[PDB]
Structures are given as C-alpha cells and as structure tokens.
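Here Cβ is always computed from backbone atoms with ideal geometry, including for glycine, and neighbour counts include all displayed protein chains. The numbers here are math on the coordinates, done by the rules we state, and not lab data.
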Amino acid sequence: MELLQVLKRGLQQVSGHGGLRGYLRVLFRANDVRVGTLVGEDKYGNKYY
Amino acid sequence: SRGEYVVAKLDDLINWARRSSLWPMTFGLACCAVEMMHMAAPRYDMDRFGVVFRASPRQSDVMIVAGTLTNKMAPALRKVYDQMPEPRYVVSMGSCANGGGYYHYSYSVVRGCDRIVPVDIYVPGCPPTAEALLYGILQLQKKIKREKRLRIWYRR
Amino acid sequence: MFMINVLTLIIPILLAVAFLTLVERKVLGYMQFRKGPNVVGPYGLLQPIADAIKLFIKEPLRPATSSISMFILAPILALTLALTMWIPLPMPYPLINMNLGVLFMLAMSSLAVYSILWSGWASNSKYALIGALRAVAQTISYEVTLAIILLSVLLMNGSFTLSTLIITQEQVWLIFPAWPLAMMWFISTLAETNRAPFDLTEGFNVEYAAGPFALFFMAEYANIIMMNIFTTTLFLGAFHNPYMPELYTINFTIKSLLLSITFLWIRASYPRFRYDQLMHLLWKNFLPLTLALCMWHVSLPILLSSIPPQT
Amino acid sequence: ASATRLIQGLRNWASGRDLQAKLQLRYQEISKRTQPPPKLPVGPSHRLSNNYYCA
Amino acid sequence: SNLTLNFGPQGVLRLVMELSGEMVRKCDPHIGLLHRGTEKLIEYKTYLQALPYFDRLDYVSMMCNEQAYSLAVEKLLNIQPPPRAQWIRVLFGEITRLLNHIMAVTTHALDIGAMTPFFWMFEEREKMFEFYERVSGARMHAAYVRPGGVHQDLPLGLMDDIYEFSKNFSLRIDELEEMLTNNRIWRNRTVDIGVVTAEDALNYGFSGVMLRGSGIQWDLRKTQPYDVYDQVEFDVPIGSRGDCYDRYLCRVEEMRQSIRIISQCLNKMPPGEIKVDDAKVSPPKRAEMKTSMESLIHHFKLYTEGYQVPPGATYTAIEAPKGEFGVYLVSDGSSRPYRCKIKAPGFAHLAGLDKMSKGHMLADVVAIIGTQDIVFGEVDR
Amino acid sequence: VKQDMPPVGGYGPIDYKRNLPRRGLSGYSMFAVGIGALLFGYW
Amino acid sequence: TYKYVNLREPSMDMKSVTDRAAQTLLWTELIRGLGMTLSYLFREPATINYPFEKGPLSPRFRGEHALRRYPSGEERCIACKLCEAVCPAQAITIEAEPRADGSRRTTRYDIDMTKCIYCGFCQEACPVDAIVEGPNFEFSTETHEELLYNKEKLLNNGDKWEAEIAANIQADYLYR
Ligand SMILES: CCCCCCCCCCCCCCCCCC(=O)OC[C@H](COP(=O)([O-])OCC[N+](C)(C)C)OC(=O)CCCCCCCCCCCCCCCCC
Ligand SMILES: CCCCCCCCCCCCCCCCCC(=O)OC[C@H](COP(=O)(O)OCCN)OC(=O)CCCCCCCCCCCCCCCCC
Ligand SMILES: CCCCCCCCCCCCCCCCCC(=O)OC[C@H](COP(=O)(O)OCCN)OC(=O)CCCCCCCCCCCCCCCCC
Ligand SMILES: CCCCCCCCCCCCCCCCCC(=O)OC[C@H](COP(=O)(O)OCCN)OC(=O)CCCCCCCCCCCCCCCCC
Ligand code: SF4
Ligand code: SF4
Ligand code: SF4
C-alpha cells in the first residue's frame, strides 16, 4: 500500500523542520510545510531552499 | 491601562478580520484587467489570501482601478466608489490609473484616478505583473493591519 | 433537557453552514486547478470566522425600503424555516418524531418562497423585484416535481413517516428501484435552492446590509445541507443498529457530505441555464417523466403484491 | 508527478486520457535558466567589398 | 409601451436596451468609455515611438497588432525583414492567436456561467506570457515586432520550451472541448443564438470568424498572405449556420491549426539576423554602435529623430485573431506619421451587435457580446 | 555561430487533432443496465 | 485547405438513435464533464506560495529603473538626452550642466514612473548603459508622488540593485 509512504513522508516533514515546534512555526508563517535542501542564507536570516 | 489593552486587542482582531477577508471590486477598464485575471489565475490565486474573485460593488472592500480612466467614465467610477460601504479602499493599478500613463497628454484621459477617488495603494507597471499586483494587495493588507481606529477612539 | 437537545441541533447547523463556505471555496479551488483559502487560518480554517467578523462590522448599506415589516421579516422567515427543516429528520432519531415528517418538510419548504417575494418587494429596485419574481417562479415550478417524486417514493415507504424510511431501505438502497426519480429529485433540489446551474440570481436581495445578507446566505446553505441530508435519508438510507446509533449517524453524515460535495462539483462544471430553458426543463421534460413514473409507482406495488405496510 | 498510482489511476479514469504523458505542470524537461552565451550571425550587408549603399 | 433598460458601466460597455418583455427590440451600445485618443497621440510621436500604442489596442493580441503596424511601416519604407524575423513573427503571431482564443473562449464561457475552463486555460496562458517575457522582457506589451524585423534574437532554449508547451497544449484544448462542446447546456446557450447571414456579414464589414462562422471561405493568411504564411501548411475552419456555436468551434479549431503552425515554425526556423541589415532603418548592434562611427551616428539619429518614411498612404491588413486588423498609415515624408487610422474588427462587430440581437432575449445578449470577441481597447482607440 | 535553432533531427511530432476518446457503453447496454437495476430494486 | 466544423449528419439507424436517446436520458456527457472536473480535483494545483515563492522571470525583464555607475564610482550617464528623446511617454526629464571638473553630467534626471510605459526604449537607446530597467517589480507605493523618481532615487536604485543588474546585462548583452 502506498498510502503508508504518503503518511511516512508527512511524518518526516514533521520530523524535518526540527519537530512539532518548527513544524508549526513554518506552518503558520509560510502556510506550507515541505522540506528542502538548504541552498543558502544571506546576511539577514532569509533562508533559501 | 486596561482599556488601552482591550482596545488594542480589539483593533488587532478587527484589523485581522478586515485584511484577511478583502473583497475586491475590479474595474476592468483596460489591459490591467488581463493581469488582474492572471492574479486570479491558478498560479497566483488571490482566493487563497481571502481575496475573492469578482464580488459585487455593494459589499466589496477594495476598488481596484485597473486600466485607463477616461473622461467619459470618471463619474461612473466615482458613483461606484460612492456606492461602496465603508471601510472602502482603492488600489490604483498600472500607469494610466496612476498618473495617466501613456495617455497622460490625451484630451480624453483623466490624469490619474486620484483626481477622482482617494487612492490607498499605487501599483506601478505597464501592466504591472500579477505578482506585482499581488504585492500591492499584500501591502494594502499591511496598511489595514496598522490601523488604529479603536485606539484613537479611546484616546479621543 | 429538551432545550439542550434543541440547541445541540441548531448550533452545529450554524457551524456546519459556516464551514460549508470554506469547503466550497477549497473544493472549487482544487477543481479549478488552484488552491482554496490556506493563509487566513491553518489550512484556511479561520476563513469563515474572518468572513463573518468582516460582514458584521461593515457599514450598513442604508436602503430605502418599500416596507419595514417585510424587510425585517424576510431574513427572520428565511432563518426560521431554514432551522425548522431539521427537526423531523431522522439522524437516526429525529428531534420531533412525527407521523407526517415528509409532508411537514414539503410544507415548510413550500413556505420558503415568501422570503424571496417579501425581500424582492421590500426593495425599491424594479430589477430586484423582477429577479425575485423569477426566483419565486423557478422555486414554485420545481416544488411540483418535488411533491410528485416525493409522493412516488413514499408509495414505496408506506407512510409519511421519516423514521419508517430507514426501515424501508434495510435490504436495499431506494435509489435502486427509483433512480430516475432520484436523478430528477437531485436536479429538482438543485433548482430549489437557486444553486448552479440554476443560479440566475448570480447571473434579489441587493438592498440588505452585509449582516442580513450573510443571514440569507447562511439560511440558503442550511437549506443545501438539509436537502442533501433529506436526499440521503430518502434514497441512500443507511444501516441502523438500534444499540449503536453512531453507525447510522456516521454513515448518513459521510453520504450527506459526499452529496454536498456533489453540489459543489456540479457548480464547478456547467454553464447557467437561461430562464426559459429551465422552465422548459421543468414543465416539458421533468414533469412528463415524473407523472409517468408516478403512474408506474402507483401501479407497481399492486402488480407485484409489494404494497408496503401502513404502520 | 508526485501523485500515487491509485490517485493517478483514478485521475486517468476520470479524465479518460493519459495525463502523465502530457502534464500541464512543468518539471526538469524545461531549458536551463542559465545558458551558454550566443554568437549571433551578421547579416548579408556585413561585407567589405561590393557593399555600396546605393545598390 | 415597452421597457427601456440601461445596463451601465457598473472592457466596459454601456447598453441601452429597448425590450418587449423578455425579447430584445433594440440594442444601442454606448461606447467611448476607453477612448484615449491613441491615433492623435501617434501623430506627435515617431514610428518607433508610435509602435507601443499598438500593443495596447487589442490588449490580448499584442504582437499581432505590432506585426500589422510593422508591416505597414515596412511597406511604406520599401524594405523587407530577414527570413528568420519573418518566421519569428509568424511563430509569435500564432502564440498570440492561442492567447486571444483562450481569452475569447474562456471569458465567453465565464460570462455564460462555465467558470472552470477559465482557470484551466489561464495556466497555459500564463506559460505563454512567460514566453513573451523571455523573448522581450514584458509579459503582455512586448514592443518586440518592429519595422525591420524584431527587436532582439530568441534567447537560447526558448524554442525547446515552445516545443514542450505545444506538445501538451492539444490535450488542454481537448479537455476544454470535453467540458463545453458536447455539453447540452453550452449548446442550448449558443445554437439558436445570433445567426448571421453571409451577405449581411460581408455588408456589415465583419471579418475573421464572424465571416467564417457563416460559411464564407476567407482568411487573410491564405488569400492576401504575409510574412511566411504561404510557406506553412494549415487548414481554415468554416462554419455552417452562422451562430455562436459554430464560432466557438471555429475558435477551437483555430487553436488546433495554430498548434500545427507553431510545430511547423519550430521545425523550419532558419539561421540569420533578425533586423533588416539597413542601419538607416533598424538600429545597429550595441557592439558596433560602440566601435563604428557610422553605426553610432545611425544609433543617435534613429533613437532621437527616427527613420524618415517616404510620403504615401497605405492600408495594411493582417489576420488578427479577432479578424482583419488594418492600419491606414499616411506619411508626409517626416519621421512622424501624418495620420494613422486603426481599423479593428471589434468596432464593426459591435456595430452589428444590434442586428445580431434582434428577437433574442436578455441573457442571449451576453452570449452575442461573447461570440464577437470584443476588446474595447481596439473598439474605442 | 551559436543561435537558437531546432535540433538536427527536428522536433518530435506534435498532436493537434481532436482526441475525444469515445468511452462508455453502448446505448442498448446502458438502457439494459438501468432497467436491470430497476428490476433488482423492484424484486 | 479548409475544413467544415459542424457539418456532420447524425446517423438514423436504430443503434445511433438509441445512443442519442441514452445520451439524452442518462446524461452521459454531463457525467463526462463531472469526470473531467473530478480529474482536476485530484491533481496538484499550479499555485505557488507567494511571497515565499516567486514566479519565474528572465534576465530581459523590465522592472524598476536604475542609474548605473562605472567600476570606479563614476556614474555612466553623460546627459546625451537620447533616453528622453526616445521615451514614448515623455516620462524622462533631463537637465544638465558641466560640473566642477568639466564633466558632462546631469543635474536633473527625473522619471515619472506613473507616466512610464516600461517598454525599455531608454535602456536600448542609452549608448553607455547608464539607465537600465532592472529586475525590481515590487515597488508599490502608498502615495502618488513617491512614484516620481529624481536622480537621487535612481542612483540609489542603481547602488541597491547593481549586483543583479550587472549579472543580467552580462547574461543578455550578446543578444543586444
Ligand atoms: C440522489 C443521488 C444522485 C442522483 C443522480 C444525479 C447525479 C448526476 C447529475 C449529473 C449532472 C447534472 C447537471 C444538471 C443537468 C440538467 C440538464 C439535464 O440533464 O436535462 C435533462 C434532459 C433534458 O433533455 P435534453 O435537453 O438533454 O434533450 C433535448 C430535449 N428536447 C428534445 C425536449 C429539446 O433529459 C431529461 O429530461 C431526462 C431526465 C431523466 C430521465 C430518466 C429516464 C430513465 C429511463 C426510463 C426508460 C426509458 C426507455 C424507454 C421506455 C422503456 C420502457 C420499458
Ligand atoms: C480582556 C482581554 C481580552 C479582550 C477581548 C479579546 C478576546 C479574544 C478575541 C480573539 C483574539 C483577539 C486577537 C486577534 C489576533 C491578534 C494578533 C494578530 O492579528 O495576529 C496576526 C496573525 C496572522 O498574521 P499575518 O499578519 O496574517 O501573517 C500572514 C502570514 N503570511 O493571526 C493569526 O495567526 C490568527 C488570528 C486569529 C484571530 C482570533 C480568532 C478569531 C476570533 C474568534 C472569536 C470571535 C468570533 C467568533 C465567531 C464569529 C461567528 C462565526
Ligand atoms: C465543533 C467544533 C467547531 C470548531 C470550529 C473552529 C475550527 C478551527 C479552530 C482553530 C484552529 C487553530 C487556529 C490557530 C490560529 C493561530 C494561533 C496563533 O498562533 O495566533 C498568533 C497570534 C499572534 O500571536 P503572537 O503573540 O504575535 O505570537 C508571535 C510569536 N513570536 O495570536 C492570536 O491570534 C491570539 C490567539 C487566538 C486564538 C484563536 C483560535 C481560533 C478560534 C476560533 C473560534 C472557534 C473555536 C472553536 C469553538 C468550538 C469548539 C470548542
Ligand atoms: C410572519 C410571522 C413570522 C414568520 C416566522 C415564524 C412562522 C413561520 C415558521 C414556522 C412555521 C410553524 C409551523 C407550525 C406547525 C407545523 C406543522 C405541525 O405541527 O406538524 C407536525 C405534527 C403533525 O404530525 P403528528 O405526528 O400527527 O403529530 C404528533 C402526533 N403523534 O403536529 C403536531 O405535532 C402538533 C403540535 C402542536 C401544534 C403546533 C402549532 C404551532 C403554532 C401554530 C403556528 C405558529 C406560526 C404561525 C405563522 C405561520 C406562518 C405565517
Ligand atoms: S498602465 Fe498600460 S498596460 Fe496598464 S491598463 Fe494602462 S495602457 Fe494597459
Ligand atoms: S521604459 Fe519606456 S516609457 Fe519608461 S522611461 Fe524608459 S523609454 Fe520612457
Ligand atoms: S541615461 Fe543614457 S541615454 Fe539618458 S541622457 Fe544619460 S547617457 Fe544619455
């Protein structure tokens, strides 16, 4: 069954933002919770994925 | 004081509800209407911001003037603006709505829609991109966010 | 105690109507290759609250009205009839269990046109009165096939009891012997509530302020959810274990939500009928088949010796 | 391209067409945003002889 | 007595209806609400300066009107574009045709009530505006097709993306056509609606689909061909009944044939320059502006004075997606036009609106204003 | 010269025709299925 | 070279007549339209997450104006007035004089951004690449006169945006 891999990907998106705290942080600031490769960060704190 | 804190939280609540539920009345005058329709299109998608697509003028929150305002239609613009209930806002979009634009020296063009209606947000471009119009709408939402109606009411 | 039961009926009606607007904007988002509201709340869950507070502190539109009485009584009648259509609905047990709940709902749905007529005359606009008269004529048109299809199905029920309609469908859905009645019933309830492709009022209450217009809107969505629950009970009626009523409650809830999503999925698919085209649809297409199937569903329990029980 | 094969099969049945062959969302098959630099050609009048403007 | 309504400006259009109940006895379109005096402002500006006005006439058919004005000026200059510029003009003219017919069909469905293929096809329209932004820098008003050719060569990798778009776009046409063509509600809104006879269509100055929906076999890309339309292979859809449904089918089939032309233009793009190699008309390259003396003088004089066009009058008409788009350009020998009349098809179509809406109803008026693809920028100038 | 050109083998063939896939049952079969569902419901 | 849309005659055998009557009574093409809308329900939408995600642009993009400098701090503009001569909107107003070291420089360089039509004739007329129409499109203002740029605003736009403008000109100047 491939619903299980969908649930696993959602749970490791929860795991990838540093737990539930960072998950809710990016959920309420971004309205999107998907994880990505950190490409960079400028001299202000903007992070680029 | 306590009442200052209460009216500050009430201003935050009513500003949240007025900026997160903006209903636009879009004047489809000229080419800027096409890019408003791209701002409503599935890529940029105004509706996910709470900004609905083509509400009626008698219940809209913001008049988007999108296109050239001619002399023949300036009273119709002011009449539709007067039919809007308060708080009403006006976004000027593109160069002809902003200052007359490419038809600034024309005999039959109102040189900027701020000779007719009070304008809150000036979005520049010819046409401004749908992403740029959406930037202007979010700057309008931030302007609504820092309103102080009940704080000034408690201080008056 | 009974007042607690009335409040636990009528408050989640208003909550489900509040979130039907969110579900509608999300489903018509994703069916139109876009997203619905997802910024205002977490996944957009605060969009109905923000919408309601926006509508309730807006400036009143300040109309010049032909009447005060009908201009105030049309939202009151709309909301009262929208809330009182829920009391005989078996879910598995109704609030007001009555012998004639089907005829009760048919009568209280026939009374809903006075909100449209009073709100159309209580505006000074002649175009609003024309749109209101066209909406009233549409609604009284499709009430005919509502009544006759409803009668034909209750010829298989045995009585006007809505709780007997769960006993009637214990071996089979009643969409199987009555699927032409079911599809004409579905389009007829679609045309009752001025729902697309029958929404000529979006292509009659333009003088109300944002608050009372939200009240008309929420009465209309209470009617939509209610007619979907009534269609669910009447054609897709679920299994009912009397020792665990949550089985039937979960089952008719899932079917009613799928049927309301089917309303949302029909309004995202079709252009509007012109007015004489849906008058042609009722009086010349739905009504002859409805009469012929009414004759068939009279004569069929007699010719099969399947006359249902009176009690 | 991220949909599971159950949703992908439901989607191809509901549309009736093979939608993964022709997806309206763009992916890695597009051109690179950084390109090698061009060398545009000169026209026919870039000549050092027999190139009078009166002809 | 009979009813008289004023569907006002609350593009934009004022309509004065004389109705007899449900019927329509008289339809008077009051226009001029987007009259900006374009073709008086053209008279004080040079030919290059008057070029971006043509982007804003039919503001869903930008590079087509650029092409018509460029063909008018190049006809008066007695010069011709290079072949690669001609294939680029025909390529982006057919991409513009896809833009205009998506706008036409999806707004004609939006006004009737089918609001969903609007959102489905504006993503494809968003991708074609990305093609415009990649080729010129602006998403709508490119100022790209110029007298002499085009402004700038195609960036590398643009034709591969036009291939990847054109490969998938026929399925988008197919799902639009799945939603609307066999739909009984769409047919009931468009079959008996606005039947135009061929003789009255020739008499009223109709052009394009407004002729070809009525069975007239006329397309200016075939009969009076311009840049390389005699070298591409395509078919011209012809209607049978002159109604809104045949004009809908003609626009869907013109999207099909535009995809055919775009495939042929991608497979037949020649190498070479993109401006005319007369540096007294088209400006030189910036590498040779900054090295050659003649090229710096020609850069200076073209971007301040402009080229002098010889005195003469021309009517250059192309097949824009709305029909015959014409420019009557009168040059007095200076570097500014003396006169520029802009013939646009929507003006004559909206003039024929009154005959097309006789005996119909009020909700058929929006279908007839949809079947004439009316952009009021080209109507009011 | 390095210019935006099609590749040497050309581009791939491009669909431009109608493909309405003609799905569903026959009309005889659809009336048969509907009347059979009626017969099951009546029984 | 032409094709007849909508010139098909329907068949009149009992098979096709029953097919059309089944299509009438059983609403088959309406179910086809519902199936297409249901197909798009289960697709990924095309919606990007603005402001956190941006629409794709090219290096040719014509946004907000800026005045560039040479790589010595000297400004490129030498007051030749080609850009206000070619400006189709007459949005540019230039006044000049020799400054204290004798250099041909401007004292006034104004661009009314509300008159501007954003067509980029000024950057392609400029013989020294001084005025450019850079990448910025997010410069909406709350006031009309904030969109009336003088020379100081355009030089601050150049100093703000040079790190991106020079890379776009590097990526694009071989097509020019
Ligand atoms: C309750 C759960 C859901 C139930 C099903 C509903 C969900 C499906 C909804 C799909 C989308 C619908 C959107 C709105 C559509 C409105 C338009 C429309 O459909 O108009 C109706 C159309 C109108 O016709 P028309 O306009 O398409 O065709 C032209 C009509 N004339 C010629 C008059 C111009 O069809 C009907 O009226 C048919 C109604 C249903 C008929 C059921 C018949 C069953 C079979 C009986 C036997 C027949 C064989 C012969 C005798 C044999 C005896 C042994
Ligand atoms: C004596 C002390 C108490 C005084 C009375 C107050 C009682 C409590 C009233 C409710 C809460 C008041 C505070 C409201 C929020 C204030 C802070 C705020 O505005 O935060 C903004 C934040 C969203 O941030 P934003 O700027 O939108 O960022 C976008 C991200 N891209 O916003 C969010 O994250 C979400 C904001 C949600 C706001 C609260 C929920 C709405 C109100 C619910 C109750 C009233 C309505 C009840 C139902 C009405 C009918 C349906
Ligand atoms: C039958 C059940 C029916 C249920 C109906 C409702 C369904 C949805 C419920 C809500 C779901 C979760 C919503 C969370 C909203 C976001 C909360 C939040 O964090 O808001 C932030 C905002 C500003 O916080 P700040 O101090 O700025 O913090 C920044 C830190 N650097 O701070 C604030 O805004 C202040 C806190 C406001 C909290 C409001 C929460 C939502 C209230 C909705 C009303 C209905 C509640 C349910 C009632 C029925 C069930 C009991
Ligand atoms: C313009 C003014 C304001 C408008 C808004 C308010 C009015 C409109 C909306 C409300 C409509 C109220 C309808 C009242 C009667 C409904 C019909 C009814 O009672 O039927 C149910 C039932 C018959 O079923 P049965 O099973 O036989 O009875 C139990 C015996 N085992 O019968 C019973 O169980 C009988 C129960 C006792 C009798 C109930 C009578 C209620 C009071 C009289 C009507 C009040 C409203 C008057 C105005 C109506 C609208 C103009
Ligand atoms: S500012 Fe320009 S592109 Fe925009 S509507 Fe005006 S003329 Fe058209
Ligand atoms: S972009 Fe065009 S309108 Fe704007 S300042 Fe430059 S030349 Fe003038
Ligand atoms: S910006 Fe360029 S074109 Fe304009 S005056 Fe300065 S140097 Fe000349």
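Do the sum for chain E: with -39,500 (n - 2.57) for every DSSP H run of n ≥ 4, divided by all residues, what is the mean residue ellipticity at 222 nm, to the nearest 500 deg cm²/dmol? Can you show the working numbers first?
Values: 15 runs with 185 residues, N = 381.
Only helices count here, giving -15000 deg cm²/dmol.
Residues whose amide H comes within less than 5 Å of that of E:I193, counting only those at least five positions distant or on another chain, are E:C244, E:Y245 (H built at 1.01 Å from N in the peptide plane). In terms of the mean number of neighbouring beta-carbon atoms within 10 Å, the peptides A:7-16, E:186-195 order highest first as E:186-195, A:7-16.
Take each residue in C:38-49, count the other chain C-beta atoms within 10 Å of its C-beta, and the mean is 5. Solvent-free Debye calculation, one equal scatterer per alpha-carbon of chain C: log10 I(q)/I(0) at 0.07, 0.13 Å⁻¹ equals -0.29, -1.02.
Summarising the label geometry, the points placed 7 Å from Cα in the beta-carbon direction at G:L25 and G:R69 lie 8.4 nm from one another. Structure shown: which of B:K143/C:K35; B:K9/G:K153; B:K143/G:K160 lie over 30 Å apart, alpha-carbon to alpha-carbon? Those over the limit are B:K9/G:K153.
Shielding of peptide E:264-270 by partners, expressed as the average count of other chain Cβ atoms within 10 Å per residue Cβ, is 3. Would you report the distance distribution of C-alpha pairs in region C:1-86 as whole percents per 5 angstrom bin, up to the bin with the largest distance? Each 5 Å bin holds this share of Cα pairs: 3, 11, 14, 16, 17, 16, 14, 7, 3, 0. Taking amide H positions as modeled 1.01 Å from N, with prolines and chain starts lacking one, the residues under 5 Å from G:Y109 and 5 or more places away or on another chain are G:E95, G:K151.
Sequentially through region C:184-196, phi angles give Karplus couplings (6.51, -1.76, 1.60; θ = phi - 60°) of 6, 5, 5, 6, 6, 6, 5, 8, 6, 8, 6, 9, 5 Hz, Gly and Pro residues having no value and appearing as x.
What's the longest piece of chain G with no exposed GluC sites (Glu not before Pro), counting a site as exposed if DSSP puts it in a loop and it has at most 14 other beta carbons within 10 Å?
Numbers: sites that count: G:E53, G:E74, G:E142.
For GluC sites (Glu not before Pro) (loop position, at most 14 other Cβ atoms within 10 Å), the longest site-free span of chain G is G:75-141.
Counting only Cβ charges, +1 for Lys and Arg and -1 for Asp and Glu, the dipole size of chain C around its Cα centre is about 640 debye. Binning the alpha carbon pair distances of chain E at 20 angstrom intervals from zero yields the distribution 28, 56, 15, 1, expressed in whole percent. Applying a 4.7 Å cutoff between beta carbons, the unpaired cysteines of chain G are G:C77, G:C80, G:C87, G:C116, G:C119, G:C126.
For G:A96 and G:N49, FRET efficiency with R0 = 41 Å and r from the beta-carbon atoms, rounded to 0.05? All intermediate terms of the calculation are to be shown ahead of the outcome.
Working: r = 47 Å, r/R0 = 1.14.
E(calc), rounded to 0.05, equals 0.30.
Peptide E:50-59 shows a mean partner chain C-beta count of 4 within 10 Å per residue C-beta.
Among the chymotrypsin sites (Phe, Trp or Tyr not before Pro) found in region E:291-381, not one is both in a DSSP coil and sparsely packed, with 11 or fewer other Cβ atoms within 10 Å of its Cβ. Of all beta bridges that DSSP places with both ends in the protein assembly as shown, some 75 percent have antiparallel geometry. Bridgeable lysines around C:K255 (alpha carbons under 24 Å apart, same-chain partners fewer than 8 residues away excluded): C:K26. Computed 3J(HN,Hα) for region G:37-53, one whole-Hz value per residue from the Karplus formula 6.51 cos²θ - 1.76 cosθ + 1.60 where θ = phi - 60°, is 5, 5, 5, 6, 4, 9, 10, 6, x, 7, 8, 8, 9, 6, x, 8, 10, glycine and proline marked x.
Select from chain D those trypsin sites (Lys or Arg not before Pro) which occupy a DSSP coil region and have at most 10 other Cβ atoms within 10 Å, ordered by residue number. Can you show the working numbers first?
Details: sites: D:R5, D:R11, D:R17, D:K22, D:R26, D:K32, D:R33, D:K39, D:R47; in loops: D:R17, D:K22, D:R26, D:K32, D:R33, D:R47.
Passing sites in chain D are D:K32, D:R47.
The trypsin sites (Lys or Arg not before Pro) of region G:1-40 that meet both conditions, a loop assignment by DSSP and at most 10 other Cβ atoms within 10 Å of the site Cβ, are G:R8. Near E:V24, the amide H atoms lying under 5 Å from its own belong to E:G359, E:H360; only residues 5 or more places off or on other chains count, and H is placed 1.01 Å from N. The simple spin-label model puts a point 7 Å past each Cα toward its Cβ; for D:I30 and C:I96 those points are separated by 6.0 nm.
With a ≥ b ≥ c taken as the square roots of the eigenvalues of the C-alpha gyration tensor of region G:91-176, please select rounded if a/c is under 1.5 and otherwise prolate if a/b is larger than b/c or oblate if it is not? Please list the in-between numbers first.
Details: a/c = 1.62, a/b = 1.04, b/c = 1.56.
Cα axes put region G:91-176 in the oblate bin.
For the protein assembly as shown, the residue among E:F300, C:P42, G:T114 whose Cα projects farthest onto the positive side of the dipole built from Cβ charges is C:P42. Distance from a point 7 Å along Cα→Cβ of G:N150 to each backbone N in region G:82-98: keep the residues under 16 Å and list them by number. The answer is G:93-97, whose backbone nitrogens lie closer than 16 Å to the label point.
Mark the label point 7 Å from the Cα of E:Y44 along Cα→Cβ and return the residues of region G:105-121 whose backbone N is within less than 16 Å of it. Only G:115-116 pass the distance filter.
Prolate is the label for the protein assembly as shown. Its Cα gyration tensor axes, ordered a ≥ b ≥ c, give a/c of at least 1.5 and a/b above b/c.
In this simple spin-label approximation, C:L14 and E:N6 carry label points 7 Å from Cα along the Cα→Cβ vector, and these lie 4.2 nm apart. Converting phi to 3J(HN,Hα) with the Karplus coefficients 6.51, -1.76 and 1.60 and the offset θ = phi - 60°, region G:133-140 yields 9, x, x, 6, 10, 9, 9, 5 Hz in sequence order, with x at every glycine or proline. The value obtained for chain F, namely the Cα convex hull volume divided by the number of residues, is 119 Å³ per residue.
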